[PDB]
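Engineer: I'd like to ask some things about the structure below.
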Amino acid sequence: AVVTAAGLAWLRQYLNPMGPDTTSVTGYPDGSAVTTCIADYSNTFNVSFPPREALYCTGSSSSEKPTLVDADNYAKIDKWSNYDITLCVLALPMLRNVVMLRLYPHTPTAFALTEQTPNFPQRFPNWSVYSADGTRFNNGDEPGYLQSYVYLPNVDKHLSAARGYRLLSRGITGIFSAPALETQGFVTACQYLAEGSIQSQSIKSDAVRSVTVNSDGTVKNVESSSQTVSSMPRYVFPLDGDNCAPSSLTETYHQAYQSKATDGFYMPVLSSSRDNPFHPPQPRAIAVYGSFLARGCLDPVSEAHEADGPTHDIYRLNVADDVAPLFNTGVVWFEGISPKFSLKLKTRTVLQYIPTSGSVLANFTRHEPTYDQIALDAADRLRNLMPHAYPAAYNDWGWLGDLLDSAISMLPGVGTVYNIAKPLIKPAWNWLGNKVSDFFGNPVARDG
Amino acid sequence: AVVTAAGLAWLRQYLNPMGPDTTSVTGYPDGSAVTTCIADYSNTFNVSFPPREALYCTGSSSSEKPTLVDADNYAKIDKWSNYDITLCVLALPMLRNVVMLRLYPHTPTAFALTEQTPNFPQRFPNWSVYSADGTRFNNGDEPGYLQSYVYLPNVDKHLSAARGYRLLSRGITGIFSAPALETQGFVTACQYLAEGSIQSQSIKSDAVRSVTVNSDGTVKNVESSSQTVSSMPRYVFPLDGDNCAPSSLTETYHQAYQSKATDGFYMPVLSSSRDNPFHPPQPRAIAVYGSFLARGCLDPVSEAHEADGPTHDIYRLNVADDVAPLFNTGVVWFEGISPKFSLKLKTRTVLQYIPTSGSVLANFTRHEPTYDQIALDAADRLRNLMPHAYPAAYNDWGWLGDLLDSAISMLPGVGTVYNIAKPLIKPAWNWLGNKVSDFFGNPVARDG
Amino acid sequence: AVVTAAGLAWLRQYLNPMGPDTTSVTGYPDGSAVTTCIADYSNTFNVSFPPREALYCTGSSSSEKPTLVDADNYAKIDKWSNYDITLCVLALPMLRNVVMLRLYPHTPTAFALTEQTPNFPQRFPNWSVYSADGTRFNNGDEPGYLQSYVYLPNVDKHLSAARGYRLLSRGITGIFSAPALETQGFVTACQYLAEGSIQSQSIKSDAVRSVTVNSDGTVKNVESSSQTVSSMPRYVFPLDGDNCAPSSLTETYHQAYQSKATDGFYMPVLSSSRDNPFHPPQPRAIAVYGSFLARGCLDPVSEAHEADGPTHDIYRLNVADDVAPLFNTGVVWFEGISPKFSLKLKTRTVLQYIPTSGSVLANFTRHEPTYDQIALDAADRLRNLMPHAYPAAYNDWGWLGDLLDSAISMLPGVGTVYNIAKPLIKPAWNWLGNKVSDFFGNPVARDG
Amino acid sequence: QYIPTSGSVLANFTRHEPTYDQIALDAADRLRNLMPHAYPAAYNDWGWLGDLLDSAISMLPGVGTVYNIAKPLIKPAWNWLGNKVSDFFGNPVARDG
Amino acid sequence: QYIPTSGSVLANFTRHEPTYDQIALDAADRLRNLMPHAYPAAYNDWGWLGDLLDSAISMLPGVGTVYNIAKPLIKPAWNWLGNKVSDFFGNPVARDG
Amino acid sequence: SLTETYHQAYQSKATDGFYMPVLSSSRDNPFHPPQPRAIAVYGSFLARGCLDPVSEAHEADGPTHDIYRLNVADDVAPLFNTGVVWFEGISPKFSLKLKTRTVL
């Protein structure tokens with residue numbers, strides 16, 4: 001009839017993963033009564049303009065050969081460094097490869113992605129170059145942008161030796177800095193559910209064509225193996241790549257965060273469902289689900305055009321992972337950034353495991369199978385009204401917890417004992433104008 | 001603690017889409033806080049016995065050639081027109097292609113469907129003929145029945161330029177008429193959840209068989225490519241085609257509607273779940289999931305029979321669409337109808353969009369992110385006791401809303417303020433006998 | 001505001017299927033308002049050490065030929081009968097093939113399973129032999145263990161003629177006996193959710209290699225059909241076969257049941273979710289989802305290694321069924337059993353159907369569409385704290401129902417009228433030590 | 001009703017509600033002798049049936065009666081041809097329903 | 001606003017809220033004649049607008065008035081060049097916002 | 001089109017007939033002098049003309065709509081609605097008694 005302490009702690013870490021108060025770590029409030037190990041991964045990366053030595057090419061040049069460093073086309077990228085740039089991070093729900101960084105010479109019209117599968121995508125300290133025309137880059141081309149993945153190795157090691165898993169919470173912080181007189185820029189951030197699924201695209205086999213005109217060999221096997229089959233199953237994400245542009249996100253989502261670049265960002269990525277069931281580790285090739293080109297049987301056609309129906313283009317990422325379902329996909333855009341910037345990324349991912357016997361996790365188990373429905377209902381109610389992001393320095397929210405959670409816990413059904421906790425009003429997060437008010441109208445000091 | 005006005009309006013349009021009071025249009029009560037555009041499509045079609053000029057054939061005759069009109073086999077169909085006929089409409093949850101009409105010379109034993117993929121299925125003003133033996137019809141055969149799809153083009157155009165969608169409500173009205181002294185007939189209607197899914201049937205590749213008996217060419221590539229792979233993914237509907245016959249539906253479902261033909265029908269198709277999450281547009285080839293023929297590994301067998309396990313026959317419809325999940329499939333049967341009938345179909349589909357930037361929908365957005373749990377709980381409670389269909393002239397239900405919704409909104413949990421609203425009793429919808437009573441025992445005037 | 005009688009009866013049969021009081025049969029408390037037929041299958045099997053006449057071999061020997069009896073290698077299995085043995089039952093959620101029995105000469109390190117698809121798996125009265133090295137057994141090999149499936153034929157016949165189904169409850173009882181002075185042994189039991197899914201593994205096609213060196217035939221079709229496609233869809237179960245060993249289950253699950261062998265066991269397998277929606281019959285080849293061997297694109301690689309990513313080994317079972325989703329998988333281990341034992345298995349499966357018209361079920365329909373949310377919430381709350389198994393003779397629990405259900409029904413939300421029912425404490429099920437206490441601290445008489 | 005044979009199909013659809021009632025059987029005896037032989041096809045859900053007719057008649061059997069008087073019972077007139085039909089308590093019926 | 005043509009795109013985005021109001025139209029007439037022609041680009045979300053200006057003016061039309069007095073209305077002085085701007089109720093405005 | 005566009009639109013079975021009291025669209029009804037003129041129905045334009053960047057040579061042929069002359073002259077009552085009905089699916093041997101009342 002009242003929220004427990006464990007449920008409240010879980011709610012606090014789920015809504016504010018990077019909060020200074022969230023020192024202890026607690027599991028999902030369903031009391032699964034299973035030996036579980038809750039792991040907390042905190043990582044920091046100082047990303048800046050990459051040097052030439054950590055910059056590989058994805059074209060057919062590095063096809064069978066391992067990664068090829070740029071053959072001193074780095075002059076063009078220095079030319080980029082002359083002017084202002086744009087920096088995007090895409091936080092897909094992938095467990096490892098927490099975020100994908102991308103550097104552009106100037107703001108793109110849309111989040112384009114290469115059709116051909118890239119060669120050797122690079123973990124963060126290295127990058128991989130893509131051409132201006134949306135194609136893989138070989139040496140002697142026109143560089144279009146740089147891309148890299150931020151990889152957590154310990155997450156891989158632990159997901160290896162685990163019977164099941166579920167991601168408890170994840171937050172990303174973006175402490176931004178630049179030399180004085182070069183702080184100009186804007187930061188935009190937005191979350192949105194991009195629910196992927198295990199799908200297989202429709203492909204075609206190759207018909208065999210043999211002409212036996214041997215004197216006694218005249219079989220003439222001309223059979224058509226050119227039928228339609230299914231490619232290997234891949235986890236496809238329906239991220240609206242054509243609408244990941246900054247203005248699109250701003251006008252489409254009203255919880256979208258906007259500020260000057262120096263404020264950084266802080267995205268506590270949130271769920272999109274009520275329940276968080278355990279899942280077995282299941283790494284799969286990730287792909288981004290593009291737009292279809294052949295309508296096919298969307299219009300009156302014959303059987304000959306039955307097969308080539310509405311087949312969407314699939315962009316292979318050449319990256320394999322098991323994703324956390326039902327979590328939002330986040331994305332920011334640091335547009336108009338000085339080239340000699342410095343971004344301190346700080347990611348905190350806390351997630352639960354069912355340890356495998358004899359594995360490492362078996363020595364760090366925790367038996368606190370607490371049950372709580374009030375906390376889950378409150379999480380459902382808040383998910384739909386919490387801001388998408390915050391300034392990087394914004395933590396330890398006074399309204400959070402003793403005020404917001406208490407004021408909202410009275411609403412669920414009539415599971416309420418305290419008559420009234422506190423009236424709740426619509427906040428106004430005008431970070432650009434310094435006219436920000438919290439959920440109870442109390443003005444916030446933008447300095448803190 | 002009380003249902004809002006927006007939640008009540010949504011409930012009203014969800015339960016009574018064709019209601020005269022439902023003039024305003026409102027979105028789903030979850031307050032998604034996303035720019036949304038709610039579109040209302042109202043369409044009217046005067047379907048009657050088709051003339052010869054709008055009647056194409058689906059056999060191999062129209063395989064590569066476009067649609068072939070019937071080569072004056074129309075004499076047999078006139079022979080149909082001599083006697084009474086039967087008319088079925090199948091309202092699958094497909095977004096476009098709202099319903100599928102079908103004309104039979106006499107009542108079929110079951111909803112048979114052709115095994116071979118038909119050639120050029122026809123939008124409504126045209127029809128396509130199928131043979132009596134359940135096969136595609138070429139000219140010079142025995143016509144078995146006529147089939148057509150009712151297509152909404154604006155729905156296609158809007159679903160093209162939309163990031164996400166969800167179907168808010170859908171209703172179909174069947175105003176029936178016939179010349180005086182020819183009103184004889186019966187109408188049956190029934191809804192039932194036929195939850196389709198993206199599945200791929202198991203098919204076989206073609207083994208290559210080459211006999212190199214050339215003097216120096218003697219490789220003899222005899223490798224068996226005859227392995228088992230997956231066909232292209234299709235959205236399959238498990239509609240019990242063998243049990244879509246009228247009597248089957250009547251005896252199986254107790255909410256099934258029955259009346260004399262002149263009364264028409266009015267089906268407000270209902271959901272089958274609590275939540276209605278947004279989905280990205282995803283047109284796929286629709287198929288109807290038949291019955292399996294080879295048991296395969298359902299019995300002790302070897303590996304040679306491991307592959308050909310329980311593979312069900314799949315009936316390709318040669319029609320592509322993205323379906324609204326979790327909504328019921330409706331079906332009626334106008335049996336014993338005079339051949340020179342006239343049915344005015346009136347479909348109203350209201351559904352929500354997340355507009356794509358620059359698209360048309362972006363100019364017609366609506367920001368009313370209202371939240372309501374009472375309305376959703378009431379919808380869950382009602383879905384399970386609302387009649388499947390109504391007489392065509394039955395609208396503006398007095399019991400609906402101020403009485404039924406109020407009387408039921410007290411039940412959910414104990415989220416109740418008013419002590420008692422009104423006792424609720426089991427209605428008796430005896431439309432044939434003119435002894436109909438509503439949810440509170442008040443007799444209804446069958447005239448209105 | 002209070003649990004109904006039908007909801008309470010459903011809860012009782014769901015928690016205690018083999019309870020003597022559960023004579024009447026009741027459906028799921030959601031009031032689906034559909035004609036339903038609830039079927040109860042009670043089966044008894046006296047399993048013992050099989051004789052030579054009912055013992056077939058799974059190797060390539062019985063590949064095209066039907067089952068081959070053992071060619072008097074039965075001497076080795078008699079040698080097994082000299083010493084103590086181990087007996088496992090695996091209760092997967094398969095509707096038919098309720099359990100899978102397995103006999104070992106001595107306790108295995110893990111639940112190994114053959115990589116090659118076995119030949120003709122045997123229904124219970126017959127068994128099938130597997131080699132010691134984890135391979136299929138042909139005559140003249142070293143027998144490793146025996147395996148069989150317990151098959152319910154009536155379930156097959158009824159699932160054939162049914163539009164939809166859902167499994168209401170299932171219980172398995174293990175009355176154990178042995179000659180006097182041979183009762184030594186231990187019994188372990190455990191349930192755990194192993195949520196399977198329809199998956200297709202990634203396989204490769206065979207590239208065609210033709211060398212036309214005919215004088216005029218020099219086409220030289222060398223095209224590579226060796227691409228990557230998807231195998232047929234199979235229902236894969238992620239059962240942690242490497243951790244189905246007894247000690248693993250004991251230390252991993254704290255609700256795991258342990259006792260001396262003579263006590264038998266009684267597993268009321270439980271759900272893992274709140275809702276139990278109807279599903280259409282959908283038999284599929286079952287498979288057990290092993291462990292992957294090729295990391296593939298889990299590490300930086302090229303496109304040539306993109307395809308062969310993290311592909312897990314799949315163990316085909318050569319058995320087809322449609323499984324009940326969201327139910328736990330149970331497993332016991334009778335370790336250190338005398339060879340001349342005798343186990344009376346008693347399985348009770350009660351499950352709901354939507355009858356097909358004209359089918360047999362249509363004559364045994366039941367219209368009691370009762371609705372109850374309190375019962376479902378109570379079931380959710382109990383699922384997480386009920387013991388996994390019981391001694392075979394333990395039924396008719398006093399704490400169950402009038403005490404446990406009443407004491408717990410006050411917790412859900414504040415849907416509570418009676419102020420306090422009874423305090424609830426943590427039970428201690430120390431069946432080995434005869435110090436067992438129920439949910440209210442009342443000591444239980446191990447004799448009853 | 002059936003008594004299922006073991007192993008037969010009926011054995012999976014059994015029902016244990018062995019309720020006993022003599023009042024219902026006596027009422028059935030009393031009604032059998034005064035119920036109309038047939039009805040118009042559309043005539044169902046009789047208002048007089050059950051809460052009225054069965055209650056009004058259940059007081060008669062012997063003196064197995066608790067409620068003093070339920071409702072007076074009169075002879076109905078089923079003149080379906082003439083549209084002058086009256087039920088067991090004189091209430092005119094709408095031939096449409 | 002549009003009156004959609006049948007079958008056209010607008011037909012899928014219609015809105016039925018035929019609200020009637022004469023007070024709003026009269027207030028619009030009264031304000032049109034005294035509202036400033038333009039504003040600084042950053043000037044939005046006027047505090048005086050709506051709850052204050054519209055309320056204070058809605059009492060004037062005829063005597064269609066329930067609230068006795070809302071707020072006295074004075075002539076504003078929009079001296080944007082000199083940073084001496086005052087709104088319709090004399091409250092100085094911060095030129096920064 | 002009329003049914004879905006107008007919510008005050010009347011629909012019924014044919015036997016019910018109809019009764020349209022055509023209404024004004026304005027507040028005032030000032031007197032006007034008789035002024036018969038050729039009536040025409042204003043169709044849809046075909047030549048965009050200066051709706052797009054063009055020269056003077058295409059300045060003249062701007063957005064000129066097709067006009068359908070009715071070859072009928074009258075003076076119309078301004079500000080009154082235009083009514084329209086449709087008796088669809090009528091038996092050929094029907095009989096419609098029109099009764100018009102105009103007071104002016």
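Residue numbering restarts at 1 in every chain; chains get A, B, ... in the order shown in the structure tokens, and ligands count up from 1 in that same order.
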Residues of chain C near chain D: apply a cut-off of 10 Å, count only C-alpha atoms, and supply the list as a ChimeraX atom specification.
Structural biologist: /C:23-26,37-42,154-155,157-158,350,360-361,363-366
Engineer: Counting only C-alpha atoms, which residues in chain F sit no more than 12 Å from chain B? For each one, give the nearest pair of atoms and the distance in Å, sorted by chain then residue number, as CSV.
Structural biologist:
```
residue,atom,partner,partner_atom,distance
F:1,CA,B:43,CA,9.5
F:2,CA,B:44,CA,11.7
F:3,CA,B:44,CA,9.6
F:4,CA,B:42,CA,6.8
F:5,CA,B:42,CA,9.9
F:6,CA,B:23,CA,10.9
F:7,CA,B:23,CA,8.1
F:8,CA,B:20,CA,10.7
F:9,CA,B:20,CA,11.8
F:12,CA,B:393,CA,10.7
F:13,CA,B:177,CA,9.6
F:14,CA,B:177,CA,11.2
F:88,CA,B:46,CA,10.4
F:89,CA,B:342,CA,8.9
F:90,CA,B:179,CA,10.3
F:91,CA,B:179,CA,9.0
```
Engineer: Restricted to N, CA and C atoms, what would the selected residues look like written as a tab-separated table (two decimals), in the first residue's frame?
Structural biologist:
```tsv
chain	number	residue	atom	x	y	z
F	1	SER	N	-19.45	13.05	-51.72
F	1	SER	CA	-18.69	14.25	-51.39
F	1	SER	C	-19.46	15.15	-50.44
F	2	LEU	N	-20.73	15.42	-50.77
F	2	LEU	CA	-21.54	16.27	-49.92
F	2	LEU	C	-21.78	15.64	-48.57
F	3	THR	N	-22.04	14.33	-48.54
F	3	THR	CA	-22.30	13.66	-47.27
F	3	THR	C	-21.11	13.79	-46.33
F	4	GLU	N	-19.92	13.44	-46.82
F	4	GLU	CA	-18.75	13.46	-45.95
F	4	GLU	C	-18.27	14.87	-45.67
F	5	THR	N	-18.59	15.83	-46.53
F	5	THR	CA	-18.12	17.19	-46.31
F	5	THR	C	-19.02	17.98	-45.37
F	6	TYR	N	-20.33	17.80	-45.46
F	6	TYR	CA	-21.26	18.55	-44.64
F	6	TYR	C	-21.94	17.61	-43.65
F	7	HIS	N	-21.93	17.99	-42.38
F	7	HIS	CA	-22.52	17.17	-41.34
F	7	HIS	C	-23.99	17.48	-41.11
F	8	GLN	N	-24.48	18.59	-41.62
F	8	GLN	CA	-25.91	18.84	-41.65
F	8	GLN	C	-26.58	18.23	-42.87
F	9	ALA	N	-25.83	17.53	-43.71
F	9	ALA	CA	-26.40	16.91	-44.89
F	9	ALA	C	-27.47	15.90	-44.49
F	12	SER	N	-31.61	9.81	-46.46
F	12	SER	CA	-32.73	8.94	-46.10
F	12	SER	C	-32.99	7.99	-47.25
F	13	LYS	N	-33.94	7.09	-47.04
F	13	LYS	CA	-34.43	6.29	-48.15
F	13	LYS	C	-35.24	7.18	-49.08
F	14	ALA	N	-35.33	6.77	-50.34
F	14	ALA	CA	-35.91	7.64	-51.36
F	14	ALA	C	-37.36	7.97	-51.06
F	88	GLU	N	-30.77	8.79	-55.88
F	88	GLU	CA	-29.95	7.79	-56.55
F	88	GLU	C	-30.54	6.41	-56.38
F	89	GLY	N	-30.41	5.59	-57.42
F	89	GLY	CA	-31.02	4.28	-57.42
F	89	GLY	C	-32.53	4.30	-57.47
F	90	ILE	N	-33.10	5.19	-58.26
F	90	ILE	CA	-34.54	5.36	-58.33
F	90	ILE	C	-35.10	4.46	-59.41
F	91	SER	N	-36.28	3.91	-59.18
F	91	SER	CA	-36.96	3.16	-60.22
F	91	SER	C	-37.27	4.09	-61.39
```
Engineer: Kindly determine which residues of chain C lie within 6 Å of chain A, considering only C-alpha atoms, and give the answer as a ChimeraX atom specification.
Structural biologist: /C:202,214,217,229-230,252-253,297-298,300-302,413-414
Engineer: Please identify all polymer residues within 10 Å of residue F:34, counting only C-alpha atoms, omitting same-chain residues fewer than 6 positions from it, and present them as a list in words.
Structural biologist: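 Selected residues are residues 74, 75 and 76 of chain F.
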Engineer: Using N, CA, C and O atoms, can you export the residues from the last selection as a PDB file, in the first residue's frame?
Structural biologist:
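See result16.pdb below for the written result:
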```pdb
ATOM      1  N   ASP F  74     -30.744  35.499 -65.432  1.00  0.00           N
ATOM      2  CA  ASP F  74     -31.568  35.794 -64.276  1.00  0.00           C
ATOM      3  C   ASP F  74     -30.803  36.740 -63.366  1.00  0.00           C
ATOM      4  O   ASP F  74     -29.601  36.952 -63.527  1.00  0.00           O
ATOM      5  N   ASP F  75     -31.527  37.322 -62.423  1.00  0.00           N
ATOM      6  CA  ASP F  75     -30.926  38.030 -61.306  1.00  0.00           C
ATOM      7  C   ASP F  75     -31.056  37.149 -60.079  1.00  0.00           C
ATOM      8  O   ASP F  75     -32.150  36.679 -59.766  1.00  0.00           O
ATOM      9  N   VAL F  76     -29.948  36.912 -59.405  1.00  0.00           N
ATOM     10  CA  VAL F  76     -29.907  35.943 -58.337  1.00  0.00           C
ATOM     11  C   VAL F  76     -30.076  36.662 -57.012  1.00  0.00           C
ATOM     12  O   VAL F  76     -29.811  37.857 -56.879  1.00  0.00           O
TER      13      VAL F  76
END
```
Engineer: Step one, run DSSP on the backbone; step two, keep only residues of stretch 114-343 of chain A assigned to alpha helix (DSSP H); then write them as number ranges by chain.
Structural biologist: A: 153-160, 246-252
Engineer: Do a neighbour search on residue E:66 at 12 Å with only C-alpha atoms, toss out local chain neighbours closer than 6 positions, and write the hits as JSON, numbers by chain.
Structural biologist: {"E": [55, 56, 58, 59, 60]}
